[PDB]
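1. Give me a 3D structure for the following:
(4 chains)
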Amino acid sequence: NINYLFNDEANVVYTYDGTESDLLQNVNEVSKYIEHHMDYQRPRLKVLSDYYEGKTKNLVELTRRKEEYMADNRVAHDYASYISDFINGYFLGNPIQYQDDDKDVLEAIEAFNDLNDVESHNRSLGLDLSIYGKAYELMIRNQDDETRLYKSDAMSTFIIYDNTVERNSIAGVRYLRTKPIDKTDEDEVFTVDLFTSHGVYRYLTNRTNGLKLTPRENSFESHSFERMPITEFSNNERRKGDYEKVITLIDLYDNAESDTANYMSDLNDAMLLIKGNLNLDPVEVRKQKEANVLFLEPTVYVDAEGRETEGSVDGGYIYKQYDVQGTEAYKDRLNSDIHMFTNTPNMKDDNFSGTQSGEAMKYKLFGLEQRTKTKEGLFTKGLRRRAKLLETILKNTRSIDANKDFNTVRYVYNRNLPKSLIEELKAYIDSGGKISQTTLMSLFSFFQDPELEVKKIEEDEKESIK
Amino acid sequence: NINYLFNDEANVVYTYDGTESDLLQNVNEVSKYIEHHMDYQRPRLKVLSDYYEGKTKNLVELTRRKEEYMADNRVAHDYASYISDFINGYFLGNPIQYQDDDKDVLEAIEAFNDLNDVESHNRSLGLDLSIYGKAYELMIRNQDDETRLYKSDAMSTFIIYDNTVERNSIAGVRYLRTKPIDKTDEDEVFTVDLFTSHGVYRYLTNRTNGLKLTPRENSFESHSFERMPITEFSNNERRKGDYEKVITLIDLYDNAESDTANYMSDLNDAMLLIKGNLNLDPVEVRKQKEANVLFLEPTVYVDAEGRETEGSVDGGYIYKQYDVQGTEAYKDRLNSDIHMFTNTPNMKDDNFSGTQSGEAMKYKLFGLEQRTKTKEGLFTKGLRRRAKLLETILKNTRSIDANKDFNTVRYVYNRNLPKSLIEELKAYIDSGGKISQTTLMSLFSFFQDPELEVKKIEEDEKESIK
Amino acid sequence: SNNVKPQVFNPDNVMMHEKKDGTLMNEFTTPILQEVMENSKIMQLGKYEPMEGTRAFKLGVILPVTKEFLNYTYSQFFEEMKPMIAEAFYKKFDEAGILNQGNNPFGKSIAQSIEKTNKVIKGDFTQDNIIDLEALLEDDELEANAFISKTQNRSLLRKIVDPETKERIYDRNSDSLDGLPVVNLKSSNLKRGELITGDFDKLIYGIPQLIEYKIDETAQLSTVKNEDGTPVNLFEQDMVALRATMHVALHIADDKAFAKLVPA
Amino acid sequence: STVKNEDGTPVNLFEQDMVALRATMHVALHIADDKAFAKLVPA
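-> Numbering: from 1, shown residues only, chains lettered A, B, ... in the order given. Sharing the structure here:
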């Protein structure tokens, strides 16, 4: 964990001094970047992903476990998923709305969004932003001649930026292990796709030969954009994940719970302790559950001079016990801190304010709102690049007039806070709102036929004339 | 820590007695300032940044740790991030608005802001203000002939000021290490940019030779401003960060919690203690988990004169324990003090009234508002310089009439408090407000088509005429 | 193993955290490359040949490391060492192809080409001897492409001036002689007073397999014996090793294309 | 270990740069009634 998440070589930004041409003529440089990514950045991302899947350290670190006769009782709590799903839903659970002053651009955007199911795509990006801290999307002109948008996995994609303060993206790379499922032999073959501002170059490598890039079939392929098609989004200016900073506390909670599970499994709850010199028949001991009287008769010792004295018999129940106060106060502190440092509502120490939920939520999530507003800023910074790409491909296909401009689009964000349609209708119709009958009926589910009802009303209103 | 954060040479303001020419003719003086910055100021900024990244001292101080058989259980709590994100979101989570009496200037400002995405930029400055206590911004006329604004990293930028009471900025410097990823060789070359009121000088240096500034390819590069382009913002009069003064409490909390985690890992929760001279078969002891009766038979000792006497057997459970009261009171005090000295809401000791989440918030954040109101002043003091630069470049490019003046702009700040659109609509339409139907519909998300609804209402309103 | 004094290995090639005298390299500062990495000269001069299969030969080395060394003394060792292996291979290939040294497996080399054609000049470095060296190539219609030299003889080259133009025939800044580039060999086999030249386009090489690196933790190293003489087991002794292999192929298309100058 | 080098040392796959394939299978057989089988043989 620590040695991967907090290493200095992980989470860096790759930069290159030369131009795209200076890089592309010397493809070995890209191999150096790929190797550095595999050796430093990928481990971090794999660890974060494992936590999202709940494969926490406690499950895999079997090295020091005991199972000679006791149970293993190793445990994983899934806080990482709880946190990331909550934070992502709060940010993008409600679709981003688009406004523009020019309807031609607005409808071109809306057409592209509908074709690509952009709502779900945006949510999946927000989720990757939550777990890995960064996310990538690739835009491609499809074989069926349509502009498509696809997410690119963080563990297999990265971008090399211009060294200047402007940090334009010079080139992006994607690489994937190609294998049969039979896992016969060498898993270590990678396909590499290198994206430049004018096309895709395709190569093969394996980790074995030190990743020297070999041209694939169809080794080059032109694309009609005029800038590198991959886009990168950041969770924050450090590109750090949401639970990445509390993984050590999640570990401590795993350990403490597995400790108590061991204590429960391995010690006897209670026993009848019998002391003193005596005869116990193991056949008679089976009556222990059904006897009412326990009679202990002490051994009488006879002295050689004739004295007599008795042994000390004794009997009573004993039971195991542990420091409940201190262990529960400690485990509660860990849980409380995991929620505090992630601005997630601590369900165990929570009270519903009165009867109305929205404003109580806006209070309790105030700390989460502060981070989300920055995430929102970086997200819009990325969406503008997606729009720049879309307008460029539309113009190059002349699917829109070259006169249009896409940077005027206004991205409007809404949080996924709970809402109350009754209070909102009352607030909209008071203060002068208007609603068409069919729409108003469509809002209430007690109408079995929201349209037939209109005819059924016309009949009544007609016979009311007579 | 202490020796770096509270040292006297860190956090000083560099001044120079001579004019810009007196400095520029003797560039070796810039070598002395760069050297001082590296040896005193940068360490402090590195520590503050490590704390924002959660790499607290407790994670890296492995020097005295133990791992011969116990676990490491080192821990980091991320208070620095929690604090900084909260305070910055509160100050700049809501974009700064602009007012002016002249629409020509107002639209030139707004055009520049839109091109540079100034909203996100301002937030990233307010964050650097919160981490390091100071932040920088560089303005440049781009190659494509556009006015661009870029934040400059606090760890690699500083300014040398005029010695007089007015403290005009004489020169700004930026210096960065240049390397490919595969080299870790002796000559750690730093590229140096020196910004003066007429241009940029560029040099190369390395620490090995003593930071002798050597001229470079295109050793000078003119710019069209008439004052040094870099601008510095200060978090407060002292340029101190927000958690700089509580890092020692954060450390104490890390140590206390890792201490409890050691106590939990290394001691057995409970054990069955058996005393006295006895025969225990380690094969029989495995029944301990499932036996109901424990029978202890004492050894009988026979005296040479024939006496008989019994050994003292005993048995019972024992369990580990720690001072939960005193340790929890101490750790609660640390948490309370960390929040108190940073005016951040203490979530563990908090209660909320009703549903006006803005008003109890203004009560509880009253202490935080007092500091933010000062930071707002210094931030505007910086924004005015940004505007002075923008007007100068616009006039020298004759993109605006030389008659205009930018100091009339009024910067309006709003806090990121929660708001209640229903309460506000009721307060705005009461007291005589007016809203257009399409806008009013755009406020409520139960309208699936806010514009189609108007046509759909016209149809109803038409058939109502018959 | 159960030996509590550090394990003596034969040969002593295993990296260790604890020296034979018991010194422990804890908190050990990372070394630095005080010399620049060397590069293959025949890969710099010669002509590359696209190849599969064929005549090649395999270079290889195995670096064993104690996992205490790999944990406490120097964690990044293997990553910092891959350049150094690649250098060792380059030097081995250069020394085999150029000087016919180091038990070269090929039956081909520049030293053998020169010794066969007897295209050797006895003499000190002089403008006339440099011209004669070049003329041994142009006699057979071949023009010199570069020079190979021991860097320690630049002191001799600076002493030669053209008596017509009255200027240095050797540009010490360009490191080019009579307008031709001079490449330097660090190997100990090329003596001070010796200089080699040829039309290196006539020297052809190929690389069927680029350097392959595998790291392993469970092999046996039969080539390294414990003090008791038993072979080292990586897993059992808690030790790690890196294997590197490479294939190289060498061909000389015209063995008269090379000439040599040597002290009298 | 079953294959030896020319010098008699056991073949080490790593140190020699070799690869080897192992195939294994578990199979069980049972005659439920020894009388259920008969054979015709040339005299």
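2. give me phi/psi at the residue of chain A most remote from its centre?
-> No residue in chain A has its C-alpha farther from the mean C-alpha position than residue A:305, which lies at 85.0 Å (C-alpha atoms, centre = their mean). Residue A:305 has phi and psi values of phi -90, psi 10 when expressed as degrees, to the nearest 10.
3. chain center to the longest strand seen in chain C: distance?
-> Ranked by number of residues, the top strand in chain C under DSSP state E is strand C:239-252. Distance, stretch centre to chain centre, for strand C:239-252: 13 Å (C-alpha atoms, centre = their mean, to the nearest Å).
4. Following the chain onward from it, which element is next?
-> strand C:258-262 (DSSP states H and E).
5. in that next one, what's buried?
-> Judged by neighbour count (16 or more other C-beta atoms under 10 Å in any protein chain shown), strand C:258-262 contains these buried residues: C:258, C:259, C:260, C:261. Backbone N, C-alpha and C define where each C-beta goes, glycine included.
6. what does stretch C:103-118 give?
-> Judged by neighbour count using 16+ other C-beta under 10 Å, the buried positions of stretch C:103-118 are C:104, C:106, C:108, C:109, C:110, C:111, C:112, C:113, C:114, C:117.
7. next one: stretch A:270-277
-> Going by neighbour count (16+ other C-beta under 10 Å), the buried part of stretch A:270-277 is A:271, A:272, A:273, A:274, A:275, A:276, A:277.
8. Just the ones of those residues in strands?
-> In strands, defined here by DSSP E, the members of the buried residues of stretch A:270-277 are A:271, A:272, A:273, A:274, A:275.
9. which bits of the stretch 151-264 of chain C sit near chain A?
-> Residues of the stretch 151-264 of chain C found near chain A (C-beta under 8 Å from any C-beta of the partner chain) are C:209, C:210, C:211, C:212, C:213, C:214.
10. related to what we said a few turns ago, same list, the buried residues of strand C:258-262, but as TSV with distance to chain D please.
-> Compiled in TSV, the buried residues of strand C:258-262 are given as follows (distance: C-beta to the nearest C-beta, whole Å):
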residue	distance to chain D
C:258	34
C:259	39
C:260	37
C:261	41
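11. which one of those sits closest to residue C:46?
-> Lowest distance from residue C:46 to the buried residues of strand C:258-262 (C-beta to C-beta) belongs to residue C:258, with 11.5 Å.
12. is that closest one in a bridge, and if so with what?
-> As for beta bridges, residue C:258 partners with residue C:198 under DSSP bridges.
13. sorry, back to before: now the buried residues of stretch C:103-118 in TSV, with secondary structure and distance to chain B?
-> Formatted as TSV, the buried residues of stretch C:103-118 follow (DSSP: H, G, I helix; E, B strand; the rest coil; distance: C-beta to the nearest C-beta, whole Å):
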residue	secondary structure	distance to chain B
C:104	coil	31
C:106	coil	32
C:108	coil	34
C:109	coil	32
C:110	helix	32
C:111	helix	34
C:112	helix	37
C:113	helix	37
C:114	helix	37
C:117	helix	42
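14. Sketch out the helices for the stretch 151-264 of chain C, chain order is fine.
-> For the stretch 151-264 of chain C, helices defined by DSSP state H, counting those that start in this stretch occupy the ranges C:154-157.
15. still on that earlier bit, tell me the helices and strands packed up against the longest strand of chain C.
-> Counting by 3 or more C-beta pairs under 8 Å, 6 or more residues apart in numbering or on different chains; DSSP states H and E, the packing neighbours recorded for strand C:239-252 are strand C:56-66, helix C:77-99, strand C:203-206, strand C:212-216.
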